[PDB]
Amino acid sequence: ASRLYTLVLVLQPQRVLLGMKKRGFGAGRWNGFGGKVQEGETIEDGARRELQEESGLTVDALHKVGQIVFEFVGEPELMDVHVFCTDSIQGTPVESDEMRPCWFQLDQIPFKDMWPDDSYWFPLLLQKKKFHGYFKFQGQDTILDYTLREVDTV
Ligand SMILES: Nc1ncnc2c1[nH]c(=O)n2[C@@H]1O[C@H](COP(=O)(O)OP(=O)(O)OP(=O)(O)O)[C@@H](O)[C@H]1O
């Protein structure tokens, strides 16, 4: 019972781009760019499309960095999130009614205003490591249990 999602982090040597979600589930947090994979599109195609829709950026080269499964107690569907990274983009980030982009220096990542699971795997992403993770949440603020392991192949 899992649904496919993508998450894209535009990570450059000195900075990372995040977007403040304006509405819906998880509004008020800085997150990567992503969403549900559509019928007839590959996971990577879905990741490229979501980055454009949510940030206005065009990505050519994408790299798989992680796979994270999110469980929300009381919600039947698991989120099967395929995480990707790019340092190679075109365009300028665009603010829309749904999302506000902002660049962050790597030592100023706003963890207090991000999903709690980011504090576990973002440090791996910054050190160019690949990972498989699982987080079980109660509501939007509490991690009940989790697992996280580094892998060589995502
Ligand atoms: N680290 C994280 N942990 C948990 N949830 C996260 C997360 N990062 C992140 O973006 N999310 C949530 O993941 C969800 C992604 O789904 P979404 O943005 O609503 O997209 P959709 O599948 O509806 O398609 P879209 O509207 O085209 O983007 C949102 O509810 C975000 O709050």
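Residues numbered from 1 in each chain as written, not as in the entry; some residues may be left out. Heavy atoms only, no water. Residues with missing side-chain atoms left out of burial classes, pairs and counts.

Draft legend 1. Summary view of the UniProt feature "binding site: Mg(2+) 2" in the protein chain. In this structure's numbering, the residues bearing the UniProt feature "binding site: Mg(2+) 2" are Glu50 and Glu53. Of note, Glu50 is situated in helix α1 (residues 43–55). Ignoring sequence-local partners within four residues, the contact set of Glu50 consists of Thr6, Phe33, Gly34, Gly35, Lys36 and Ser55. Assignment of secondary structure puts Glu53 in helix α1. (UniProt positions renumbered as here; feature names shortened; annotations may be inferred. Helix = DSSP H or I, 4+ residues; strand = E, 2+ residues; numbered from the N terminus. Contact = heavy atoms within 4.5 Å.)

Draft legend 2. Region of interest: the packing of aromatic side chains. Their ring planes at 85° and their centres at 6.0 Å tell us that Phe111 and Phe122 sit as a pair that is edge-to-face. Placement of the pair is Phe111 in the loop between β9 (99–105) and α2 (118–126) and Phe122 in helix α2, with a sequence separation of eleven residues. Taking 5.4 Å as the distance between ring centres and 90° as the angle between the ring planes, the aromatic pair formed by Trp115 and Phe137 counts as edge-to-face. Taken as a pair, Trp115 in the loop between β9 and α2 and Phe137 in strand β10 (residues 130–138) lie far apart in primary sequence, 22 residues in all. Members of the aromatic cluster, joined through ring pairs, are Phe70, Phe72, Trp115, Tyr120, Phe135, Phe137 and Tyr146. Of note, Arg15 hangs over the ring of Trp103, and the distance from its end group to the ring centre comes to 3.6 Å. For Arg29, the ring lying beneath its charged end belongs to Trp115, and the centroid distance is 4.6 Å. (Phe/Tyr/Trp six-rings, centres within 6.5 Å; stacked < 30°, edge-to-face > 60°. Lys NZ or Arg CZ within 6 Å of the ring centre and 35° of its normal.)

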